[PDB]
Amino acid sequence: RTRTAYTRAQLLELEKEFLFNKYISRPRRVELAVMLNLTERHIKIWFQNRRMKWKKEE
DNA sequence: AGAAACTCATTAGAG
DNA sequence: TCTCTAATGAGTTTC
């Protein structure tokens, strides 16, 4: 692949969903993919990297 | 069984 | 140059 560049609007939403959910269920993933217009792959990857970053933060 | 989604560890694209 | 983080690979869970 290349390298997606999330807009500031898209990150704001992904971080909100992250505070409420560290693991996202598929219903919510598709709901967020449709809403922000990203693929389910992008969201699934973002959460995987977001969690690895969260455990290393502290 | 097979497909999807995890973790770890790493590579490499861009502010 | 330096730092953050998207994407991929090997190997493991989960249903």
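All chains are named by letter (A, B, ...) in the order of the sequence lines, taking the proteins before the strands, and each is independently numbered beginning at 1. Below, each value reflects all heavy atoms present in this structure, side chains not excepted, and no hydrogens, waters or symmetry copies.
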Phosphate OP1/OP2 of C:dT14 contacted by A:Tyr23 side-chain N/O (<4.0 Å): no

A:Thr2 side chain near C:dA7 phosphate (N/O to OP1/OP2, under 4.0 Å):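 No, A:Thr2 has no side-chain N/O under 4.0 Å of OP1/OP2 on C:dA7.
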
About how many Å separate [atom2] of [Y] and [atom1] of [X], when rounded to the nearest 0.5 Å?
X       : Y       : atom1 : atom2 : answer
A:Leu14 : A:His42 : CG    : NE2   : 11.5 Å
A:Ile43 : A:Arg26 : CD1   : CZ    : 12.0 Å
A:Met52 : A:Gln48 : CE    : CD    : 8.5 Å
A:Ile24 : A:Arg51 : CD1   : CZ    : 9.5 Å

A:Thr7 (side chain) donor-acceptor with A:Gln10 (main chain) under 3.5 angstrom: yes

ILVMFWY cluster, [X] and [Y] together (side-chain gap under 4.5 Å):
X       : Y       : value
A:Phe20 : A:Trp46 : no
A:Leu12 : A:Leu19 : no
A:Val30 : A:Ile45 : no

Take atom [atom1] of [X] and atom [atom2] of [N], then tell me their distance rounded to the nearest Å.
X       : N      : atom1 : atom2 : value
A:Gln48 : C:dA10 : CD    : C1'   : 14 Å
A:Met52 : B:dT7  : CE    : P     : 5 Å
A:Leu38 : C:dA6  : CG    : P     : 11 Å
A:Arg28 : B:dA5  : CZ    : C1'   : 19 Å
A:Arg51 : B:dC8  : CZ    : P     : 11 Å
A:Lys44 : B:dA4  : NZ    : P     : 9 Å
A:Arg29 : B:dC6  : CZ    : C1'   : 12 Å
A:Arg50 : B:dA5  : CZ    : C1'   : 19 Å

Could you list, one pair per line, each protein nitrogen or oxygen that sits under 3.5 Å from a nitrogen or oxygen of nucleotides 2-5 of chain C, together with the distance?
residue	atom	partner	partner atom	Å
C:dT5	OP2	A:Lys53	NZ	2.9
C:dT5	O4'	A:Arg3	NH2	3.3
C:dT5	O2	A:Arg3	NH1	3.3
C:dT5	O2	A:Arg3	NH2	2.9

Pairs where residues 15-25 of chain A contributes a residue and the test side-chain hydrogen bond (donor to acceptor under 3.5 Å, both in side chains) is met, not counting sequence neighbours: A:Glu15-A:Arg50, A:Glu17-A:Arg28

Residue A:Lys56, side-chain heavy atoms: nucleotide from B:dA5, C:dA7, B:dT10 that is nearest: B:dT10

Bending between helix ends of the helix from B:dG2-C:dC15 to B:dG15-C:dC2 [5 pairs per end, 10° resolution]: 30°

